[PDB]
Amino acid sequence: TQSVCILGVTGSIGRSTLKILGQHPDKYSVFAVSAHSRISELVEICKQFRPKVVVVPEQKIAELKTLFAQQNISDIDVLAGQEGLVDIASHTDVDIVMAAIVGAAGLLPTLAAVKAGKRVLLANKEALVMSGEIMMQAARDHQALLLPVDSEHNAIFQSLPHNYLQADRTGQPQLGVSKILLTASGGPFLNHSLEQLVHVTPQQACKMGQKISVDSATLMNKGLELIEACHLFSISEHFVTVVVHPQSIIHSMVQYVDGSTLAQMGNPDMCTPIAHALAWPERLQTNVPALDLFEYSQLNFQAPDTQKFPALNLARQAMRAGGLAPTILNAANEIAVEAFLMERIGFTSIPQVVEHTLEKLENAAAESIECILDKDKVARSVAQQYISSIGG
């Protein structure tokens, strides 16, 4: 039986993870969990799974402890903040870490888990977008098992040779792989003209949270996923083709030198890739319905319009540049998206903010979390300044 630490248990990834673990108590146990919010739900989680340790931010400590006392919950160690997160992520009694904390808050704990040699299930973009080199290097150095939880990357993993983890890491596809096809929904503005794109509203672009939704509309979401893919699978961006696939039933593909293309596909349920990564190389029973192609009876593909959606090329540009370029891209995009949602700039100005920031800000090596966050902060400032300069 293997112990699991869930970083960010109250979110959607966290809940999907618990559904799986709750159906396999004979194979998995929950040693520790963390949450930044929904503390009441956290207490209900603790009742059922009884972790030894729980971590919340300092601001949430008194709330947690009051709810515990009120629900007569004892024998659970409560830790606070980043130090707490690090402690449970690297804990001796932890085998598996679900890294589902998004943003800068998750970097230090995710890196601690990697350096402690755990099976690390990546369920956040920032680990590889911001600190990709450090994370992969740490994994090699400390013999950690780094496995992707997000749908596209897990699809690629399932479509790669079973032993691709043992392949040479050179930027070149290995073991008969010739290309990776990264599938994208295309967003709600797939069939918009250039002029129509200029006038789309925040409400339209949010049609699953707002940041991801806007990023899915600009294709920056795929741009970020491409950067991650390049780090994770040690493959240069020019071996990655983005394919727009509106039904999003096929989750990504891998092409081979004999002419074969392999695909992973399924119903939209994160329990599938979570279960795969959790138990790999073994398969794990879930309650996810089998894919019914008689109902979902059509799949479509088309090329992304890089003129209409320049975010993709910006992401490739950042990837080629390496270093802190993807960090700069990510920071600027966040500020731009926020500006767009607050109706301060237009939709088409989002890649403009990103492009400007990448141009103005000097690149450097992503050598540490500290350097990364420092550059992230400056990039946000530069983006904001530029937004002001264009009337935002």
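When you see a residue number, it is the position in the sequence shown, counting from 1.
A.B. asks: Can you say how many deposited residues have no coordinates in the span between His162 and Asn163, choosing none, 1 to 3, 4 to 9, or 10 or more?
C.D. replies: Per the deposited record, the segment joining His162 and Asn163 has no missing residues.
A.B. asks: Could you settle it for me: does 197-205 or 83-91 have the higher average Cα B factor in the PDB entry?
C.D. replies: Higher mean C-alpha B-factor: 197-205.
A.B. asks: Per the record, averaged over C-alpha atoms, which has the higher B-factor: 256-264 or 317-325?
C.D. replies: Comparing 317-325 with 256-264, the higher average CA B-factor belongs to 317-325.
A.B. asks: So if I compare the CA B-factors in the entry for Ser234, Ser74, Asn300, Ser216, which one is the largest?
C.D. replies: Across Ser234, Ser74, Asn300, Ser216, the entry lists the biggest C-alpha B-factor for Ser74.
A.B. asks: From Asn330, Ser349, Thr66, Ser34, pick the one with the largest CA B-factor in the entry?
C.D. replies: Checking the PDB record, the top C-alpha B-factor among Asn330, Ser349, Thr66, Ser34 is at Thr66.
A.B. asks: Please rank the C-alpha B-factors of the chain's modelled residues and tell me whether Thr272 sits in the lowest, middle or highest third.
C.D. replies: Within its chain, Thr272 is a lowest-third residue by C-alpha B-factor, going by the deposited values.
A.B. asks: Based on the deposited C-alpha B factors for this chain, I'd like to know if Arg38 is in the lowest, middle or highest third.
C.D. replies: Tercile = highest for this residue's CA B-factor.
A.B. asks: Sort the modelled residues of this chain by their C-alpha B factor and say whether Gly187 lands in the lowest, middle or highest third.
C.D. replies: For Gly187, whose C-alpha B-factor we compare with every modelled residue in the chain, the answer is the middle third.
A.B. asks: Hey, what third does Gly171 fall into on Cα B-factor, ranked over its chain?
C.D. replies: Its C-alpha B-factor, which the entry lists for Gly171, ranks in the middle third among residues of this chain.
A.B. asks: By its CA B factor, does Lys222 count among the lowest, middle or highest third of the modelled residues in the chain?
C.D. replies: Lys222: CA B-factor falls in the lowest third of its chain.
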